[PDB]
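Enquirer: Okay, here's the structure, questions in a sec.
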Amino acid sequence: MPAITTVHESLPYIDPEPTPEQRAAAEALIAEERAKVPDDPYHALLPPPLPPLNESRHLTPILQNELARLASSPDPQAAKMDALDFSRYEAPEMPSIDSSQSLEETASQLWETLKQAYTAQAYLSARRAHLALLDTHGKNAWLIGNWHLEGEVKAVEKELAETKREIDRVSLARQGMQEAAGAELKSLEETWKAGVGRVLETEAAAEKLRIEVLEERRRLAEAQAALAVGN
Amino acid sequence: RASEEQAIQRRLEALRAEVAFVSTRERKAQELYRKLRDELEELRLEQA
Amino acid sequence: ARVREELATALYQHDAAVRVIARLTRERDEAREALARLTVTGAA
Amino acid sequence: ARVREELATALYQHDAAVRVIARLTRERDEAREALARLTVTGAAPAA
């Protein structure tokens, strides 16, 4: 679950879409605010950092050494490890028994070649047995594997479709609620602007009436002063 | 969607408060206009 | 997966905050222009 | 590691955006309060 709990007065389905210049100005203001204060590496919203290879509870020291060797390679995608001795499983050629070679050394070389040939023959017999088992059960094995893969792909597609449908339903509900709230808020804002204009007009009329009343009061005071002086 | 619902509720409350303030200002302006009209009528009656 | 979900939530919150800041800046500019026009005119 | 770095940068940007939005909202609220409480004084001509 996300830890973002900030609330910003944003109505994408109701308020108008900002222009690219307005978006650039908002990004500039955000960059100015980011340059105003330093970033906090110990923020509660930010999760803890990944532990080291030696500090990992699941990574073994051999796995840590392999990870260090992979990271030391300039190309980790093309970092291929050294292959094992696969030339020993091939057909053993006849050794070049020299005339100056001793009988014991030639016998040891022949024994090594015979052991390599016997290992190759055993590997070939195992390959022949595996090929016979493949020719026996390959259609059934391939059908079962294809059915399992198709079922897994269908389950993944069904889960993705259900997630997309839920997201679409949530977006539609949010869009409808935002549209109703935006219509109400637009009506209220137009009413508020009209009321502000009407209050300004009424205040101007009241100021004109107050000026006229002040003129009438000054005329009445002048008439009273003239009547008092003339008496 | 949760943030938009909370922001919509807060903005609706703020817009209702602003509309109430604007209506109160309009009512005060109407009362001032009525008082000015009454004062003008009283001044016209006193002068005549 | 947790970091990607947090990053997606942060990106959505940043987009919402950018839209809200643009709307608030537009409203403040409109209010300032209206106040300047009212001060310049005087007659309502 | 790259996703964690991007998440930290996004969190810093979101905090900056929240602060800027708070400042802009305060300025807009001050402007709206000034415009709403703008009592129309007597527009006397320059005598």
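Chain labels A, B, ... are given in the sequence in which chains occur in the structure tokens; within each chain residues are numbered consecutively from 1, and ligands are likewise numbered from 1 in the order shown.
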Need to verify the contact set: residue B:22, 10 Å, only C-alpha atoms, exclusion of same-chain residues closer than 3 positions in sequence. Can you return it as number ranges by chain?

Expert: A: 191-199; B: 16-19, 25-28; D: 36-37

Enquirer: Using 12 Å as the limit and counting only C-alpha atoms, can you tabulate each residue of chain C that touches chain B, with its shortest atom-to-atom distance in Å and the two atoms involved, as a Markdown table?

Expert:
```
| residue | atom | partner | partner_atom | distance |
| --- | --- | --- | --- | --- |
| C:9 | CA | B:3 | CA | 10.9 |
| C:12 | CA | B:3 | CA | 10.2 |
| C:13 | CA | B:3 | CA | 8.7 |
| C:16 | CA | B:4 | CA | 8.8 |
| C:17 | CA | B:3 | CA | 10.8 |
| C:19 | CA | B:4 | CA | 12.0 |
| C:20 | CA | B:7 | CA | 10.2 |
```

Enquirer: So which residues touch stretch 86-88 of chain A within 12 Å, counting only C-alpha atoms, skipping near sequence neighbours fewer than 3 positions away, as a list in words?

Expert: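 After dropping sequence-adjacent residues, the list is residues 82, 83, 91, 92, 93, 112, 113, 114, 115, 116, 117, 118, 119, 120, 121 and 123 of chain A.
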
Enquirer: Write out the residues from the selection above, keeping N, CA, C and O atoms, as a CSV table (one decimal), in the first residue's frame.

Expert:
```csv
chain,number,residue,atom,x,y,z
A,82,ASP,N,33.0,-18.9,-17.3
A,82,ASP,CA,33.8,-19.9,-18.0
A,82,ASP,C,33.1,-21.2,-18.0
A,82,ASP,O,32.7,-21.7,-17.0
A,83,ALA,N,33.1,-21.8,-19.2
A,83,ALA,CA,32.4,-23.1,-19.4
A,83,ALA,C,33.3,-24.2,-18.8
A,83,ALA,O,34.6,-24.1,-18.7
A,91,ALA,N,34.7,-37.5,-28.9
A,91,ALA,CA,35.4,-38.8,-29.3
A,91,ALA,C,36.9,-38.7,-29.1
A,91,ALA,O,37.5,-37.8,-29.6
A,92,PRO,N,37.5,-39.7,-28.3
A,92,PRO,CA,38.9,-39.6,-28.1
A,92,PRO,C,39.7,-40.1,-29.3
A,92,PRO,O,39.5,-41.3,-29.7
A,93,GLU,N,40.5,-39.3,-29.8
A,93,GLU,CA,41.4,-39.7,-30.9
A,93,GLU,C,42.5,-40.6,-30.5
A,93,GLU,O,42.8,-40.7,-29.3
A,112,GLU,N,44.3,-43.9,-20.3
A,112,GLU,CA,43.6,-42.6,-20.2
A,112,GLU,C,42.7,-42.4,-21.4
A,112,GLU,O,41.5,-42.0,-21.3
A,113,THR,N,43.1,-42.7,-22.6
A,113,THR,CA,42.3,-42.6,-23.8
A,113,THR,C,41.2,-43.6,-23.8
A,113,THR,O,40.0,-43.3,-24.2
A,114,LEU,N,41.4,-44.8,-23.3
A,114,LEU,CA,40.3,-45.8,-23.2
A,114,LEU,C,39.3,-45.4,-22.1
A,114,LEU,O,38.1,-45.6,-22.3
A,115,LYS,N,39.7,-44.8,-21.0
A,115,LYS,CA,38.8,-44.3,-20.0
A,115,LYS,C,38.0,-43.1,-20.6
A,115,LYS,O,36.7,-43.1,-20.4
A,116,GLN,N,38.6,-42.2,-21.4
A,116,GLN,CA,37.8,-41.2,-22.0
A,116,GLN,C,36.8,-41.7,-23.0
A,116,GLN,O,35.7,-41.2,-23.1
A,117,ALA,N,37.2,-42.7,-23.8
A,117,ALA,CA,36.4,-43.3,-24.8
A,117,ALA,C,35.2,-44.1,-24.1
A,117,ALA,O,34.1,-44.1,-24.6
A,118,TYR,N,35.5,-44.7,-23.0
A,118,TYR,CA,34.4,-45.4,-22.2
A,118,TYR,C,33.4,-44.4,-21.6
A,118,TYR,O,32.2,-44.7,-21.6
A,119,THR,N,33.9,-43.3,-21.1
A,119,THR,CA,33.0,-42.2,-20.6
A,119,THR,C,32.2,-41.6,-21.8
A,119,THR,O,31.0,-41.4,-21.6
A,120,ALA,N,32.8,-41.4,-22.9
A,120,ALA,CA,32.0,-40.9,-24.1
A,120,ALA,C,31.0,-42.0,-24.6
A,120,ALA,O,29.9,-41.6,-25.0
A,121,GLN,N,31.3,-43.2,-24.5
A,121,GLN,CA,30.4,-44.3,-24.9
A,121,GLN,C,29.2,-44.4,-23.9
A,121,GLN,O,28.1,-44.6,-24.3
A,123,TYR,N,28.1,-41.9,-22.1
A,123,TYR,CA,27.3,-40.7,-22.4
A,123,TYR,C,26.5,-40.8,-23.6
A,123,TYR,O,25.3,-40.4,-23.7
```

Enquirer: Could you produce a table of the residues of chain D lying within 12 Å of chain B, with the nearest pair of atoms per residue and their separation in Å rounded to one decimal, using only C-alpha atoms, ordered by chain and increasing residue number, as a tab-separated table?

Expert:
```
residue	atom	partner	partner_atom	distance
D:25	CA	B:11	CA	11.9
D:29	CA	B:18	CA	10.3
D:32	CA	B:18	CA	9.0
D:33	CA	B:18	CA	9.2
D:35	CA	B:22	CA	10.3
D:36	CA	B:22	CA	6.9
D:37	CA	B:25	CA	8.0
D:38	CA	B:25	CA	9.9
D:39	CA	B:25	CA	9.4
D:40	CA	B:29	CA	10.1
```

Enquirer: Using only C-alpha atoms, find each residue of chain A with at least one atom at most 8 Å away from an atom of chain B; report its shortest atom-to-atom pair and that distance in Å (one decimal), sort the rows by chain and rising residue number, and return the result as CSV.

Expert:
```
residue,atom,partner,partner_atom,distance
A:5,CA,B:3,CA,7.9
A:6,CA,B:3,CA,7.7
A:7,CA,B:3,CA,5.6
A:8,CA,B:7,CA,6.2
A:9,CA,B:7,CA,4.8
A:10,CA,B:4,CA,6.4
A:11,CA,B:4,CA,6.4
A:170,CA,B:1,CA,7.5
A:171,CA,B:1,CA,7.6
A:174,CA,B:1,CA,5.8
A:177,CA,B:5,CA,8.0
A:178,CA,B:8,CA,7.3
A:181,CA,B:8,CA,6.7
A:185,CA,B:12,CA,6.6
A:188,CA,B:19,CA,6.7
A:189,CA,B:15,CA,7.2
A:191,CA,B:19,CA,7.5
A:192,CA,B:19,CA,5.3
A:195,CA,B:22,CA,6.1
A:196,CA,B:22,CA,6.2
A:198,CA,B:26,CA,7.1
A:199,CA,B:26,CA,4.8
A:202,CA,B:29,CA,5.8
A:203,CA,B:29,CA,5.8
A:205,CA,B:33,CA,7.2
A:206,CA,B:33,CA,5.1
A:209,CA,B:36,CA,6.2
A:210,CA,B:36,CA,6.4
A:212,CA,B:40,CA,7.8
A:213,CA,B:40,CA,5.7
A:216,CA,B:43,CA,6.8
A:217,CA,B:43,CA,7.2
A:220,CA,B:47,CA,6.8
```

Enquirer: Residue D:1: which residues within 10 Å, counting only C-alpha atoms, same-chain residues fewer than 6 positions away excluded, as a list in words?

Expert: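 Residues near the query, excluding close chain neighbours: residues 49 and 50 of chain A; 3 of chain C; 7 of chain D.
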
Enquirer: Only residues of chain C matter here; which ones have an atom within 10 Å of chain A, counting only C-alpha atoms? Give them as a list in words.

Expert: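 My answer is residues 2, 3, 4, 5, 6, 7, 8, 9, 10, 12, 13, 14, 15, 16, 17, 18, 19, 20, 21, 22, 23, 24, 25, 26, 38, 42, 43 and 44 of chain C.
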
Enquirer: Run DSSP on the backbone and tell me which residues of chain D come out as alpha helix (DSSP H); list them as number ranges by chain.

Expert: D: 2-36

Enquirer: Could you please take those selected residues and save N, CA and C atoms as an mmCIF file, in the first residue's frame?

Expert:
```cif
data_model
loop_
_atom_site.group_PDB
_atom_site.id
_atom_site.type_symbol
_atom_site.label_atom_id
_atom_site.label_comp_id
_atom_site.auth_asym_id
_atom_site.auth_seq_id
_atom_site.Cartn_x
_atom_site.Cartn_y
_atom_site.Cartn_z
ATOM 1 N N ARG D 2 17.810 1.813 -8.724
ATOM 2 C CA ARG D 2 17.391 2.936 -9.559
ATOM 3 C C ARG D 2 15.977 3.390 -9.212
ATOM 4 N N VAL D 3 15.083 2.439 -8.926
ATOM 5 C CA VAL D 3 13.714 2.776 -8.554
ATOM 6 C C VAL D 3 13.679 3.475 -7.201
ATOM 7 N N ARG D 4 14.539 3.056 -6.267
ATOM 8 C CA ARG D 4 14.615 3.728 -4.971
ATOM 9 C C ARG D 4 15.125 5.158 -5.111
ATOM 10 N N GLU D 5 16.141 5.367 -5.957
ATOM 11 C CA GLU D 5 16.635 6.721 -6.201
ATOM 12 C C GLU D 5 15.571 7.594 -6.859
ATOM 13 N N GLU D 6 14.847 7.037 -7.836
ATOM 14 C CA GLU D 6 13.774 7.779 -8.492
ATOM 15 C C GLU D 6 12.641 8.091 -7.522
ATOM 16 N N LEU D 7 12.340 7.162 -6.609
ATOM 17 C CA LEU D 7 11.303 7.397 -5.610
ATOM 18 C C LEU D 7 11.712 8.488 -4.629
ATOM 19 N N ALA D 8 12.989 8.519 -4.236
ATOM 20 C CA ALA D 8 13.471 9.591 -3.366
ATOM 21 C C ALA D 8 13.399 10.947 -4.062
ATOM 22 N N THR D 9 13.795 10.998 -5.339
ATOM 23 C CA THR D 9 13.697 12.243 -6.100
ATOM 24 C C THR D 9 12.245 12.683 -6.261
ATOM 25 N N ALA D 10 11.343 11.729 -6.507
ATOM 26 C CA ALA D 10 9.926 12.047 -6.643
ATOM 27 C C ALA D 10 9.330 12.523 -5.325
ATOM 28 N N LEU D 11 9.771 11.949 -4.201
ATOM 29 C CA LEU D 11 9.304 12.407 -2.895
ATOM 30 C C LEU D 11 9.770 13.829 -2.605
ATOM 31 N N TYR D 12 11.026 14.144 -2.948
ATOM 32 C CA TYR D 12 11.516 15.512 -2.784
ATOM 33 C C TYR D 12 10.743 16.489 -3.667
ATOM 34 N N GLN D 13 10.477 16.095 -4.919
ATOM 35 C CA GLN D 13 9.707 16.943 -5.824
ATOM 36 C C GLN D 13 8.272 17.121 -5.338
ATOM 37 N N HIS D 14 7.686 16.075 -4.748
ATOM 38 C CA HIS D 14 6.325 16.173 -4.231
ATOM 39 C C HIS D 14 6.258 17.077 -3.008
ATOM 40 N N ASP D 15 7.274 17.018 -2.140
ATOM 41 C CA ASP D 15 7.329 17.935 -1.003
ATOM 42 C C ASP D 15 7.482 19.379 -1.468
ATOM 43 N N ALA D 16 8.325 19.604 -2.483
ATOM 44 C CA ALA D 16 8.474 20.944 -3.049
ATOM 45 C C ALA D 16 7.173 21.435 -3.673
ATOM 46 N N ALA D 17 6.473 20.554 -4.394
ATOM 47 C CA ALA D 17 5.198 20.919 -5.002
ATOM 48 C C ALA D 17 4.144 21.220 -3.945
ATOM 49 N N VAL D 18 4.149 20.470 -2.839
ATOM 50 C CA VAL D 18 3.210 20.725 -1.751
ATOM 51 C C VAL D 18 3.480 22.082 -1.111
ATOM 52 N N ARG D 19 4.758 22.412 -0.885
ATOM 53 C CA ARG D 19 5.096 23.715 -0.312
ATOM 54 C C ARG D 19 4.720 24.858 -1.252
ATOM 55 N N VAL D 20 4.991 24.694 -2.550
ATOM 56 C CA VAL D 20 4.661 25.733 -3.523
ATOM 57 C C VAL D 20 3.151 25.891 -3.653
ATOM 58 N N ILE D 21 2.411 24.780 -3.589
ATOM 59 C CA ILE D 21 0.957 24.837 -3.669
ATOM 60 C C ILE D 21 0.377 25.501 -2.429
ATOM 61 N N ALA D 22 0.970 25.245 -1.259
ATOM 62 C CA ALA D 22 0.527 25.916 -0.039
ATOM 63 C C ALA D 22 0.765 27.420 -0.114
ATOM 64 N N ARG D 23 1.933 27.832 -0.621
ATOM 65 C CA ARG D 23 2.218 29.259 -0.766
ATOM 66 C C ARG D 23 1.278 29.920 -1.771
ATOM 67 N N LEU D 24 1.031 29.254 -2.905
ATOM 68 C CA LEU D 24 0.132 29.802 -3.916
ATOM 69 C C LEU D 24 -1.304 29.865 -3.411
ATOM 70 N N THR D 25 -1.728 28.861 -2.636
ATOM 71 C CA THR D 25 -3.067 28.873 -2.058
ATOM 72 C C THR D 25 -3.215 29.985 -1.029
ATOM 73 N N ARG D 26 -2.172 30.228 -0.228
ATOM 74 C CA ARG D 26 -2.209 31.339 0.721
ATOM 75 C C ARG D 26 -2.299 32.681 0.002
ATOM 76 N N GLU D 27 -1.522 32.851 -1.074
ATOM 77 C CA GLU D 27 -1.577 34.094 -1.843
ATOM 78 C C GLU D 27 -2.938 34.286 -2.505
ATOM 79 N N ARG D 28 -3.501 33.213 -3.069
ATOM 80 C CA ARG D 28 -4.809 33.299 -3.709
ATOM 81 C C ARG D 28 -5.912 33.568 -2.693
ATOM 82 N N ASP D 29 -5.809 32.977 -1.499
ATOM 83 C CA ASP D 29 -6.788 33.238 -0.449
ATOM 84 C C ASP D 29 -6.705 34.678 0.038
ATOM 85 N N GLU D 30 -5.486 35.217 0.155
ATOM 86 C CA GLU D 30 -5.327 36.621 0.524
ATOM 87 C C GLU D 30 -5.915 37.545 -0.538
ATOM 88 N N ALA D 31 -5.677 37.235 -1.817
ATOM 89 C CA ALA D 31 -6.237 38.044 -2.898
ATOM 90 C C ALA D 31 -7.760 37.965 -2.925
ATOM 91 N N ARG D 32 -8.317 36.771 -2.700
ATOM 92 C CA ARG D 32 -9.767 36.607 -2.682
ATOM 93 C C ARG D 32 -10.397 37.322 -1.492
ATOM 94 N N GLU D 33 -9.733 37.291 -0.332
ATOM 95 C CA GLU D 33 -10.235 38.012 0.832
ATOM 96 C C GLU D 33 -10.169 39.519 0.620
ATOM 97 N N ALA D 34 -9.119 39.999 -0.054
ATOM 98 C CA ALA D 34 -9.030 41.421 -0.371
ATOM 99 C C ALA D 34 -10.109 41.840 -1.364
ATOM 100 N N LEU D 35 -10.380 41.001 -2.368
ATOM 101 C CA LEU D 35 -11.390 41.344 -3.366
ATOM 102 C C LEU D 35 -12.800 41.262 -2.788
ATOM 103 N N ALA D 36 -13.044 40.305 -1.889
ATOM 104 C CA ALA D 36 -14.377 40.145 -1.319
ATOM 105 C C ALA D 36 -14.694 41.253 -0.322
#
```
